[PDB]
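Using ideal geometry, Cβ is built from the backbone for each residue, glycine included, and neighbour counts are taken over all protein chains shown. Each answer follows from the model by the rule given with it, or from the source it names; none is laboratory data.
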């Protein structure tokens, strides 16, 4: 007979919803002085949320707090900060910043950011290392680490001059590097006077402002930065001419703070050879929708690949991408199951493909205006 | 089956029915070939 | 020229959505029309 | 089984964009008098 | 015995390490074998503390849950198991990479309990040489019809 | 599998860990590492690296990699021996071993100069050898300063990045390598001219890291005389589909060779190769009896 | 010339699939067309 009663099986099918995780969590790693007021341990990752949670953690005056304060002053954001004890020589200090792994097995230094995901559920999708980035060594660690986190490591090249900034950017070429050359100077509270900063954390907090406001898909450039009071090496910028020096650095894929004091930062060009990923925007949107689809369809995995299931996942992308379109994240999209890929043998191994394709919105970094007079509408002056 | 069900096979009681189908395999690895482009850019115009 | 140059300094790198194009297009529509009725120009035409 | 999870490979294909570099950068080489006010060295290239 | 009953014998290889689990699966190759390596640990009531289990019965009851719910044709993998509190030898599993160790055991046709505590079990590959009967599902539907 | 599993295994500061870390920093991958104790003299140390067989019977040294298949189900299809490859001795062992594993042994010739690199490559000529001459320098954590590396493991991890990303069929060259900070003997490279020195080494079948710091590696030419197997790509795809068909049709073997069976195997290749075609592994194929 | 040279530095050694050829072909199509409407060239033609 089998059962013989009255069943009520819940058919668990339908297009699941998908979200945009992480969005813009900052992954900082400067230095401080562990002791009394410093609640945070000399190396482990610590989650932040506001200046209060950061102050009692690392302490006031700590070089790391001047970086966190620079971010929170700009725009509030999650900062899975690490922080490492200051070393003797400046060179060997970069070792603790990069961090090998230690005998304890726990990832030390900058590499500790990989733990931020499996501890705080906040994958730092925006690396930054104020002060420690002009060095060729630590800069590559930021590059390699960014690909693990699908983040955008914001470097900060040495001031000195422009020649030294271009020669520095010529080294890298990865999608996930957004360097800023001119070191903005902030008014330090402890020194009670001018004080040059790496301009790394300021550019990082600046992103968090646009990401929380407009969106991650919005370009950060041409947005004013707060907590400033001048800029080391005044990068010139005319009203509208390619002759200005602010432009020449952008050709070498470099961000710069223009005008007096610190009016605004721009230079969307990420240190990338491939012109496809020229904008930092594209890298930021693509790394997001990828991590979303990855972490989103974790419910599916091994499950009955019936015609319903394919449509449930297909409609899952239809609705998802359409929530990005009307939101303005993308201009237009198209998702479907490829006939050629989805072969009878591929499905028999569990493989099932969905060709997603779209156009992330590029920032109009140079809108032209071909204005030109004529003598056309002159006969109109008659009748 | 025409070939199996021979005049001699049925005369021994043997009678065959060729059943065939495809049991549902679990999608143990669904891929997502996502890729941006510059196709739908001219759409931003009219 | 100097007006359009110094005028659209707010735009620059920004999401080039269909709205943005129209926002700038309508920015010139209204602008030039303020020159037309004012008598600065006889007639104009702006578009992408 | 191979992997057994949920991949999301980024297919890096499509027509890349191309620009017009350099355009018209001048390469001058006259003479001068190096000393005090002359910041530029007596021979090395200096950008202007 | 499984071939006499057309069943699916769920084994449970030794913990110790992964090397010992792969070398153990290399022995068998029958359609009707679905081994699970990492021995999940349950909270025994009598001992009033942690206690390692063979993870065999847990994987068995797990099938009965999916079979009664979705159906025998439904795959058991990627379904959360209850009555757990940790897993002997924490088998690592990244968000999405073949480099993770949870995947390597599945290549050797082995089921594993991933994530902390005992989030879920997976590894549809039955200890079978013939790739036609690679999934435990096919063996379960065919033996039924 | 990761730095954690490698750190507790060999230890920090170990010359082997600097090689594994160089790979995992680039792109995560499975490494059936061996590792051998350091010897007295550098010459006799290569013996332990090559490894005879020992009285125990168990394959020692570099030859121990043959056991990686029948223990971890992970046949090392990508050999590498950082530091120990400039020596003519150990280099041949990498050549002979690669054919047993159908792998691609990545050598690393001596720096010094370019003349010494060309004269070194002139010795080998096997399909399964992909040498890189200029020794990239990494910033060692222990030394807290510059430190020259063999650039062998970096080029190895670089493959694993492309193989996991694009595919094994994708060429590794022209892909940027991380965990660098300069390159011993700056190999020059112009914008576009055969006069550049980076090109001349590629003519001698040599990989090189171009531009400042360590922008990228290229030189697809494997140290092979036969122009048919000139690219490292072809050797990498062919050694794969072969091992796939070999290990794939293990179910067949002695079985009734009826017309159905032939078609079952024929259609097995039809569907299989077509999964490589649409995937982009191959342009087109053709299989039949 | 210097644009095409420095422009297609992203390509180089890469899978020469039918897609790749079209990706580069369409790269020149769009590129030259940006020169045509701009007035840099009267007309063009690019192909394999």
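Looking only at segment F:231-289, how many residues end up being exposed (fewer than 13 other Cβ atoms within 10 Å of the Cβ), more than 10 Å from every other protein chain (Cβ to nearest Cβ) and under 22 Å from residue B:31 (Cβ atoms)?
Number satisfying all stated conditions: 1.
Find the residue count for segment A:165-198, including only residues that are farther than 25 Å from residue A:81 by Cα, away from chain F (no Cβ under 13 Å) and either surrounded by 14 or more Cβ atoms within 10 Å (Cβ to Cβ) or touching a residue at least 60 places away in the same chain (Cβ under 8 Å) (or both).
1
All but one of (1) within 14 Å of chain F (Cβ to nearest Cβ); (2) surrounded by fewer than 23 Cβ atoms within 10 Å (Cβ to Cβ); (3) over 19 Å from the mean Cα position of the chain (by Cα) hold for residue A:158, so report the exception by its number.
(1) is the only condition that residue A:158 fails.
Could you check, for segment F:199-222, whether at least one of its residues is away from chain A (no Cβ under 14 Å), free of Cβ contacts under 8 Å to residues at least 40 places away in the same chain and touching a helix residue (DSSP H, G or I) at 6+ places or on another chain (Cβ under 8 Å)?
yes
For a quick check of your reading: which helices (runs of 4 or more DSSP H) sit entirely within segment F:33-103 and have at least 1 residues that are more than 21 Å from residue E:108 (Cβ to Cβ)?
The helices (runs of 4 or more DSSP H) meeting that bar are F:42-50, F:88-101.
Please verify whether residue G:20 is closer than 26 Å to residue F:232 by Cα and either surrounded by 14 or more Cβ atoms within 10 Å (Cβ to Cβ) or without any contact (Cβ under 8 Å) to a residue 24 or more places away in the chain (or both), treating the condition exactly as stated.
Judged against the criteria, residue G:20 is a match.
Just one of F:158, F:217, F:201 is assigned by CATH to the domain that holds residue F:86, within 18 Å of residue F:26 (Cβ to Cβ) and assigned to a helix (DSSP H, G or I); which is it?
F:158
Considering only segment B:2-16, how many residues are loosely packed, with under 10 Cβ neighbours inside 10 Å and either part of a loop (DSSP other than H, G, I, E, B) or under 28 Å from the mean Cα position of the chain (by Cα) (or both)?
5
Out of all the residues in segment C:28-48, which are free of Cβ contacts under 8 Å to residues at least 24 places away in the same chain and either assigned to a loop (DSSP other than H, G, I, E, B) or closer than 18 Å to residue A:363 by Cβ (or both)?
If the condition is that a residue be free of Cβ contacts under 8 Å to residues at least 24 places away in the same chain and either assigned to a loop (DSSP other than H, G, I, E, B) or closer than 18 Å to residue A:363 by Cβ (or both), then C:37, C:38, C:39, C:40, C:41, C:42, C:43, C:44, C:45, C:46, C:47 are the ones that fit.
Output the residues belonging to segment F:178-198 that are assigned to a loop (DSSP other than H, G, I, E, B), touching a strand residue (DSSP E or B) at 6+ places or on another chain (Cβ under 7 Å) and within 14 Å of residue F:219 (Cα to Cα).
Initial filter on segment F:178-198 (assigned to a loop (DSSP other than H, G, I, E, B)): F:178-182, F:184-196.
If we keep only those that are touching a strand residue (DSSP E or B) at 6+ places or on another chain (Cβ under 7 Å) as well, we get F:179-182, F:184, F:187, F:189.
Listed by number, the residues that qualify are F:187, F:189.
What number of residues in segment B:17-46 are within 30 Å of residue E:137 (Cβ to Cβ) and either surrounded by 13 or more Cβ atoms within 10 Å (Cβ to Cβ) or touching a helix residue (DSSP H, G or I) at 6+ places or on another chain (Cβ under 8 Å) (or both)?
The total comes to 12.
Within segment A:296-308, can you find the residues that are surrounded by fewer than 19 Cβ atoms within 10 Å (Cβ to Cβ), in contact (Cβ under 8 Å) with a residue 24 or more places away in the chain and outside any loop (DSSP other than H, G, I, E, B)?
A:308
Of the residues that sit in segment E:64-87 and are touching a residue at least 60 places away in the same chain (Cβ under 8 Å) and under 14 Å from the mean Cα position of the chain (by Cα), which one is surrounded by the most Cβ atoms within 10 Å (Cβ to Cβ)?
Once the filter is applied, the top-ranked residue is E:76.
What pairs can you find where one residue is in segment B:21-46 and more than 7 Å from chain A (Cβ to nearest Cβ), the other is crowded, with 16+ Cβ neighbours inside 10 Å, and their Cβ atoms are less than 7 Å apart, with a gap of 6+ or different chains?
Listed pairs, sorted by first residue: B:23/E:73; B:23/E:137; B:23/E:138; B:23/E:141; B:45/C:21.
Which of the following residues is under 20 Å from residue E:18 (Cβ atoms), within 14 Å of chain B (Cβ to nearest Cβ) and surrounded by fewer than 22 Cβ atoms within 10 Å (Cβ to Cβ): E:52, E:124, E:107, E:103?
Exactly one residue qualifies, and that residue is E:107.
Can you find, within segment A:325-356, the residue that is nearest to the other protein chains (Cβ to nearest Cβ) among those that are in contact with a helix residue (DSSP H, G or I) (Cβ under 7 Å, 6 or more places away or on another chain) and in a loop (DSSP other than H, G, I, E, B)?
Among those residues, the one meeting the criterion is A:345.
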